[PDB]
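Heads up: numbering here begins at 1 and tracks the sequence. Each ligand, and each atom within it, is numbered from 1 in the order the structure gives. Every heavy atom of this structure was used, including side-chain atoms; hydrogens, water molecules and symmetry mates were not.
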Amino acid sequence: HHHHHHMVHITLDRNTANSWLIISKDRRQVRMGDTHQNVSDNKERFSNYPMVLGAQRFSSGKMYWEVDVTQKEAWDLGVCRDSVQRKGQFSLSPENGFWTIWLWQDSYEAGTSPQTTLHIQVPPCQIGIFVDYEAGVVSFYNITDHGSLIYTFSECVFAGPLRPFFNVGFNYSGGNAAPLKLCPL
Ligand SMILES: COC1CN(S(=O)(=O)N2CCCC2)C1
């Protein structure tokens, strides 16, 4: 692709994080902690899942960023409305305000309703995410495979400001402790 020039510097918003997440000092990395991380509760925190938002809000334009997923077994990545549900159980779908892909149990899927199988020959170590607000597009790229397209959501109905969205996944297996990292420009 040729979207690299729309690169934006994303940082994570501590206040939105599930209470078990550990965000690095530079706000560029997140991982699952062993326990509650000793923060107060608030209405912004995702309660049921190991999720966190970027601080940046987008309402126009073209935006691109990259995320490192090296050695993880499970994660969700994409964008979401600023007003997504934070508490209780919910599915990742455009109806609920999410435009995401994920890895789970050795397969990749797009967060449509129902979910869509992805065809990836080279397991990615870094994912590129492109948002065109005006066009209603969210696209995902395999940086490990020379930028090959993974998935395009088109005809998106954002219906609000967008925020970068992250889920580090649970670590029941002991194989999913590695962080998500925002990669440098
Ligand atoms: C980073 O590794 C730690 C192992 N655990 S956990 O994922 O099994 N789990 C999630 C909530 C209860 C314990 C996090």
Side-chain angles (χ1 to χ4, degrees), residues 9-56 65-118 120 122-129 140-144 150-151 163-184:
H9 186 80
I10 301 305
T11 60
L12 299 172
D13 182 350
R14 308 190 156 282
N15 283 344
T16 68
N18 175 277
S19 62
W20 287 48
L21 296 183
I22 299 170
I23 292 171
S24 61
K25 178 158 55 183
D26 65 4
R27 298 182 312 105
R28 297 277 282 171
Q29 309 192 18
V30 57
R31 66 185 179 91
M32 180 60 157
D34 292 328
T35 190
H36 187 292
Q37 294 305 129
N38 205 31
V39 293
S40 58
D41 191 37
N42 71 51
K43 64 191 193 158
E44 300 177 66
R45 294 200 188 288
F46 286 103
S47 64
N48 288 43
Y49 314 102
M51 293 166 180
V52 62
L53 306 185
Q56 291 69 40
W65 62 98
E66 293 182 356
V67 184
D68 194 300
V69 300
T70 299
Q71 66 146 136
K72 289 192 66 59
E73 297 172 350
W75 50 262
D76 316 324
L77 288 176
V79 293
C80 65
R81 302 190 179 135
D82 59 349
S83 59
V84 293
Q85 178 185 345
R86 308 305 170 83
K87 308 305 182 181
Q89 299 175 102
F90 55 88
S91 50
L92 298 178
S93 65
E95 301 102 277
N96 287 342
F98 298 89
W99 298 266
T100 65
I101 68 170
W102 65 73
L103 171 62
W104 170 251
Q105 299 190 165
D106 196 40
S107 76
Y108 301 89
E109 302 175 317
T112 55
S113 187
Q115 71 266 29
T116 301
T117 294
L118 302 174
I120 297 186
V122 176
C125 298
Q126 301 90 32
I127 300 290
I129 302 175
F140 299 82
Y141 298 91
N142 185 342
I143 303 315
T144 306
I150 296 173
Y151 191 80
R163 297 184 70 179
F165 175 79
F166 306 85
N167 186 357
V168 298
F170 294 101
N171 186 30
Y172 297 109
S173 64
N176 198 39
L180 293 174
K181 308 187 187 173
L182 285 153
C183 313

Can you list every pair where an N/O of ligand 1 is under 3.5 Å from an N/O on the protein?
from     : atom 1 : to   : atom 2 : distance (Å)
ligand 1 : 2 (O)  : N171 : ND2    : 2.7
ligand 1 : 7 (O)  : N171 : N      : 2.8
ligand 1 : 7 (O)  : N171 : O      : 3.4
ligand 1 : 8 (O)  : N171 : O      : 3.1

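- Looking at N167 and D76, their side chains do bring a donor and an acceptor atom within 3.5 Å of each other.
- Partners of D13 by salt bridge (charged side-chain N to carboxylate O under 4.0 Å, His left out), not counting sequence neighbours, listed by chain and number: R163.
- Judged purely by atom type and a 3.5 angstrom limit, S24 uses its side chain to pair as donor or acceptor with the backbone of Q29.
- For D34, the salt bridge (charged side-chain N to carboxylate O under 4.0 Å, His left out) test picks out no residue, with sequence neighbours left out.
- Residues passing the side chain to side chain contact (heavy atoms under 4.5 Å, CB included) test with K25, sequence neighbours excluded: none.
- Proximity of a side-chain donor or acceptor of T16 to a complementary backbone N or O of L53 within less than 3.5 Å is detected.
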